DNA sequence: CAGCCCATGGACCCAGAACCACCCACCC
DNA sequence: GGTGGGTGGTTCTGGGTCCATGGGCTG
DNA sequence: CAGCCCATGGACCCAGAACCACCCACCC
DNA sequence: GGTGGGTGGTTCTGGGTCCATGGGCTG
Ligand SMILES: C[S@@+](CC[C@H](N)C(=O)[O-])C[C@H]1O[C@@H](n2cnc3c(N)ncnc32)[C@H](O)[C@@H]1O
Ligand SMILES: [Ca+2]
Ligand SMILES: [Ca+2]
Ligand SMILES: [Ca+2]
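Protein chains in written order, with the deposited numbering: chain A, 2 to 411, 422 to 579, 587 to 1029; chain D, 2 to 147; chain C, 2 to 144.
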């Protein structure tokens, strides 16, 4: 520190005042003591006159050397006399071979650092600032050896499958034994009451692999072999491993795994700081699952939390412990649990935070840990004990970690009687801080994956009685593992506690989490949210604002560090991180910032318990509802009718778009044919195969199929079911509209009967509108992904054995007619007028948050006929995008590069792409393929935007050569070539170009007056 | 004095644990520190290696030279590597032309204080209480005028 | 025969262990040796990266160029990285004007032989007896 | 109660692009 | 002698989807 | 036989001794 | 500005003892 620099300057004058000596033998003693006191802080020590060898060999003698604990030099020092010039003698000493890696050439007047033969800092001495800078840089230089431990970490991160194959082969060939087969069926039984109630023989094989793999690395890379001989869990498992890992077999496997473990153990031996070796502990923790069992990596959500977030989350809880309660982390009674410990970074950084006096009492019985998987548990325990050795002194077994399912520990942890009673003492403790990082998993990829987060009966029961109870959300996503951990944390916490978790930022603002907030403010006295954004399941302008991910761009969900204190009305404090920041900036503001120095802005919850997105009320929002909650649910009793349209619908959902959304008529029939057949094969498959999904995933089986499959309800093709369907904006596709395949129809056969019917619908968007609110009047069967949250308001709702019953309810007609004193306004008139107002830009501009949360209340604007006629031109030119006469574009062809058929075929590939300028501006040119370029698109045609993508861009993206995400369709049914849809794409573009310009014209005639 | 001597010990093991050498040049950093720190509070200062003259010679060079605020030498220290037998390194030293007015002859685990013409008491450096008593006298020795 | 074929595999396995790199730059050395030896043993050679010129006038560079005594070309070898669908990189190479007479488009896992313009054979390069078959055919394809 | 509607937000990854090193043909 | 061009490797950086699955309700 | 006599080669240290490295006090 | 003494590491290298302990006499 600069304090030490000042002390050295006081010793420099003392030597030339008491001794009055100007000899090198006496003017250097000051710097000797200075480096010595700085070094003892870093972890090295300065040893004088170490005779070293030079490049020539001549024994040289740098006056000092920064020796390590493995006696390796991290640097050197050559003090010369105050008088002699340094730059000349630097170049004369260096000639004899003096070191150049990290030498501080000093002369009791000027200190220079030549690092890598390179002068970096020539700080003239006698400095109250940059001299401290110099010594910091010197004592923090990276040894050439640490950058190789980094290189070897990455290689192992990529030759892990090859190494794991060896261990996999071993465990299969051990199943030939009757000692393995007998003991691996008793492991399963003891582990069908402790960690996994569905412990499979293949889960026991996974544990065996992890135990052995980490055993070889713990004894070499980390030198701690005694860990496995002491850890209760290891012993219960060697009982199962030394059944096959013995004598010859043991030697064979070990010598076959050497061409992978070798290098890591030849660079991990030349570094001697555990904090650097922790980078491999993390790497192994994650990579193993991604190279072996990604199914586990999903539900467990194995991930590492960057140190910056952890350290912030520790200092912030310490600076809140005296604020609302009255204590300090290093007090007595601050029992800090941490469910979900993973690599242990939440208790290793706590050890480093705690002072080196009370640490003993805290390490012994106040720091607690909880884990479910084996690899994380082992890594965490070893890490904590090694951090204790680096901080306090003599290794002392951490005896507070456990292997229990936290959400189920409410005979848990019975794998070892030790961990059982360890989790019993944990349960009995009065815990006060609950810090940690929960899994944010919620739902599986596709239902052919077969991976649901274990239903925690006890824990989800209180969620149902608390978070879910208040939330009236039609869909319920409050059963997320993050919210389950929150429930467990609030119930462990007795009184005066600080739950600090980092999780998905959906809790702050989601229709689903509207009631979570309501209940959470009752169980707490102060809430301190810190939105770190970084959401990536969004597109367009939104993905820009969110920016980089505070989890090293490894996840796509939003992240928010929240601290809910309970001093036992609340005060919701909030600080959104500046938008458009990248990840490395976000994780720097989280190291260089103190919690008490951020400026939180009091949020006062609204009636709907919405924290963000607070609707403004000064606006004239309340007008004429298009559909109301009770217009769709009216019991067909004319009277409660309270809006314009009555029964509205939603975009068709299928769940098997790989076997339902195609271009050609028979192309779909073929994908569906194989299905209608393989479902019928899965049907003849046993009742057990139907009950526990023991069949094949060649075809997309969603819940409906899995169920009519259990009832053995064979299917059969009805060619009538296939119907033209507008998949995306201006993209007419085909679709098997049947009850067999499509998961939810949403009263679509009541709006568009039997796929083919004649009602004209207006597609709208939903709420909250993630993508900008959009409007598409369509006459073709729609899709849920056509517009953002597609919700279709129809015009002539049909009935069963019935007919076009006008939809605009009669109440709406009367109100409109009487208001404009017309008594002649028709249903079409209203329809068209509504479309014009919806399209009106200033309408959705004034009502921004009003529209993204409830149904767009259409205002009664001064003239009716004017807007009715506006929305008439709009309607027609958007219901007939394939008749609108084209706009004259220009095809400028060219020849292929060479004459090889290979080049010609590669020049027929859909390189469909917009041609943006050096300033991201479309030039009005679309490169169709490598032989044709269409140009002349007007710039006003790029303006019309249905979502986050212009109408023209939609057509290109919906005709690009994409590879199906299914394998059975990437091999037998991928037949779409840009060659098939060549001139049809050009034809579509020409007509859509005209449509785009026309829309802008009509929408421009509309003013800025907003009723 | 007692806590200070109990830290000279720590930084002795540290020279060998970090460096890995027992050559005199490197193991002398611990005793240097101890002496200088003790002298600071008392008022004096150990200025290391101040070439001191001799009765018979061109010049000699002690490795420690307590020099007071008025540049006057009142005590010295000559280190020793473990290899040499300290006693015979003493006669070798006090023959070339080394001072005897006040000098600490220390090896690494045993130390004598030849003070003003005669040895006082020989103490081992492993014992904190012993080295304390002796260094006190190296620092509480004052000339006759005082 | 099969001995030299097995030797190639051994060499490649040492490259991905003593260096750890599975990049072709280092892996090719193994196949370079195998092709050069079977050749000398059947009256030929494997001169490496000899720039050929295409009909369109592109100076192409195959990784190999089995040439014979009067300095004429008889075959051409081209090895792609073990980290790409081979049947995709074959097209890219041929679309620069790559020779189609007798070319071994080979990735570390599969070896495809083209002659005139048709895939004559594709073998798992791991099976010793199978490669031994394909390699012999390439060295015996006479104009 | 049991099928049948109605939600609603979801722990990354991989193609280009820039660019770099090395050597070869080809202007110089 | 440079230099642009073939071959190959190494970092960045930009940028975004259909569909699972519990509640609420007819019936 | 016990208790005197007669052999007969022995699994290394080390004290200088150069000799150099650094560097301060003295001749240049 | 050299330039040797003077302290310290460093690595060669030349050179050389008293005395155990079985067997054969041996009284
Ligand atoms: C994000 S990781 C832990 C994070 C940790 N701070 C780190 O940096 O590695 C989530 C971990 O929670 C553990 N875990 C413990 N109890 C769990 C439970 N009941 N449900 C899910 N995961 C649990 C899993 O084994 C998994 O390794
Ligand atoms: Ca020096
Ligand atoms: Ca000395
Ligand atoms: Ca190649």
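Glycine is no exception: its CB is placed at the ideal position from the N, C-alpha and C atoms.
Beta-bridge partners of residue 115/D (DSSP): 104/D and 120/D.
Selection 390/A, 815/A, 863/A and 994/A evaluated against residue 682/A yields 994/A as nearest (Cα-Cα). For residue 401/A, the shortest C-beta to heavy atom distance toward ligand 1 is 7 Å or greater.
Taking a C-beta distance under 8 Å as the contact criterion, residue 210/A and residue 168/A qualify as a contact pair.
Within the model, the alpha-carbon separation for residue 455/A versus residue 666/A is close to 30 Å. What residue 26/D touches in chain A, judged by beta-carbon distance under 8 Å, is 49 and 50, going in chain order. Closest in C-alpha terms to residue 997/A, from the list 925/A, 944/A, 436/A and 1011/A, comes 925/A. Beta-bridge analysis with DSSP links residue 742/A to 752/A.
Ranking 19/A, 3/A and 99/A by CA distance to the CA of residue 50/A puts 99/A first.
Per the coordinates, the alpha-carbon of residue 136/A lies some 21 Å from the alpha-carbon of residue 95/A.
The contact set of residue 34/D on chain A, defined by CB atoms closer than 8 Å, consists of 34 and 37 in chain order. Annotated three-state conformation of residue 576/A is strand, per DSSP. According to the DSSP assignment, residue 795/A belongs to the beta strand (DSSP E) that extends over 794-796. Contacts with chain D (Cβ-Cβ distance below 7 Å) from the region 78-107 of chain A involve no residue at all. Per the coordinates, the alpha-carbon of residue 388/A lies some 10 Å from the alpha-carbon of residue 274/A.
Taking all protein chains shown into account, residue 147/D has fewer than 16 neighbouring C-beta atoms within 10 Å of its C-beta and is therefore exposed. In this structure, DSSP gives residue 639/A a state outside helix and strand, which the three-state scheme calls coil.
For residue 515/A, the enclosing beta strand (DSSP E) stretches over residues 508-515. Within the region 202-236 of chain A, no residue places its CB atom closer than 9 Å to a CB of chain C. For the region 57-77 of chain C, the residues whose beta carbon sits under 8 Å from a beta carbon of chain A are, in order, 57 and 59. Contacts with chain C (Cβ-Cβ distance below 7 Å) from the region 275-294 of chain A involve no residue at all. Taking non-hydrogen atoms of ligand 4 into account, the C-beta of residue 97/C is found less than 7 Å away from none of them.
Inter-segment contact for the region 709-716 of chain A and the region 733-750 of chain A is absent: fewer than three beta-carbon pairs are separated by less than 8 Å. Note on geometry: alpha-carbon atoms of residue 34/C and residue 26/C lie some 14 Å from one another. Checking the DSSP bridge columns, you'll see residue 945/A partnered with 931/A and 951/A. Placement of the Cβ of residue 424/A at a distance of 7 Å or more from every heavy atom of ligand 1 is found. Taking a beta-carbon distance threshold of 8 Å, residue 611/A does not count as an interface residue toward chain D.
With 7 Å as the limit between CB and the heavy atoms of ligand 2, the residues that fall short of it are 25/A, 64/A, 79/A, 80/A and 81/A. By the 16-neighbour rule on beta-carbons within 10 angstroms, residue 66/A is buried. Excluding residues up to 5 positions away in sequence, 220 lie with their Cβ nearer than 6 Å to the Cβ of residue 226/A in the same chain.
Contact annotation: residue 205/A and residue 182/A have beta-carbon atoms that are not nearer than 8 Å.
Around residue 46/D, the beta-carbon contacts reaching into chain A at under 7 Å are 15 and 19. Shown here, residue 537/A sits in a strand according to DSSP, grouped into three states. Boundaries of the alpha helix (DSSP H) around residue 130/D: 129-141. For residue 876/A, the closest of 203/A, 858/A and 891/A by C-alpha to C-alpha distance is 858/A.
Judged by their CB atoms, residue 134/C and residue 124/C are nearer to each other than the 8 Å cut-off.
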